[PDB]
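Next comes just one chain, in structure tokens: the form deposited in one PDB entry.
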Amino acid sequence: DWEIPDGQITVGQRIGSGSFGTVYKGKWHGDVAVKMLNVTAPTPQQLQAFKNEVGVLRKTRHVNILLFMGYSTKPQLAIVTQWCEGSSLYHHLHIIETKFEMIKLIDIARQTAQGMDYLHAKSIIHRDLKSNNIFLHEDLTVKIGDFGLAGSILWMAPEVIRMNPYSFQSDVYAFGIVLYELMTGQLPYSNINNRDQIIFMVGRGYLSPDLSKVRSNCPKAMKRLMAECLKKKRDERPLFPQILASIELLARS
């Protein structure tokens, strides 16, 4: 069982704080990441969200998924995962501007599609895939998780922006935005400074990511796949088995 024996987890540095909880770098058979709910006594809705999160996490065992390690309920509700080395894909692309070679970019894409295909096969809809939720462990392996504590409308499919509108296809749209980030090094709609206007326009189908911005060395097949994933009509979007087969085919070139 994944219930960690009481008084074994040690929490060190606080590495993230929000309203959905606090994340600390801890110690439990080496470095771990510990997510805790700040309140000493929780709401029955909080206990349920904890149970639901452990229910999803305990179902996952794949190299491209952040490793769930266990949970504690005493003294506080805590979820323990592995401690990664490096930074998020968001950090690489948008903050430290890491210039990865095309072969490496296609690899990050393949590994993300690999983890997304795993989640979808286990009937897990991520609901918040974005480059911040894609960790580049040892600067080599994609680890997908939900690293947040709170939103992020750039990866939101038009029907999610409108109004349950979450599906395998809405995750595919967010994956298309990630491909856009990888192939352009940029976030979409960088020339618009109004949040509400982006929300309104994506939702109405007036605004769409500018594909003319993709790198010169970006394969023709990659540009096609990106456009397919970003289709305003969700039923028109390919699923991850097809996405992965498209990435693996163009990789042999």
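In this text, residue numbers run from 1 along the sequence as written. Definition used throughout: the rigid core is the maximal C-alpha set that superposes within 1.5 Å between two forms.
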| query | finding |
| --- | --- |
| No coordinates for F20 in a third or more of the other PDB entries | yes |
| Between neighbours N164 and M163, residues that the deposited sequence lists but the model omits | 1 to 3 |
| Unmodelled stretch of the deposited sequence separating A150 from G151, binned as none, 1 to 3, 4 to 9 or 10 or more | 10 or more |
| Comparing 62 to 70 with 183 to 191, the one whose average Cα B-factor in the PDB entry is higher | 183 to 191 |
| Given 228 to 236 and 15 to 23, the range whose Cα B-factors average higher in the PDB entry | 15 to 23 |
| Maximum C-alpha temperature factor, selected from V32, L207, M36, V56 | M36 |
| CA B-factor ranking of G115, expressed as a third of its chain | lowest |
| B-factor third for the C-alpha atom of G86 within its chain | lowest |
| Third of the chain's Cα B-factor distribution that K99 belongs to, per the entry | highest |
| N133 - Cα temperature factor, lowest/middle/highest third of chain | lowest |
| Within-chain third of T141 by Cα B-factor, per the entry | lowest |
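Here the subject shifts to the form deposited in another entry, a form of this protein not shown in this document.
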| item | value |
| --- | --- |
| Only residue that shifts (Cα, 2 Å or more, rigid core superposed) between this form and the one not shown, among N191, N194, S216, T43 | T43 |
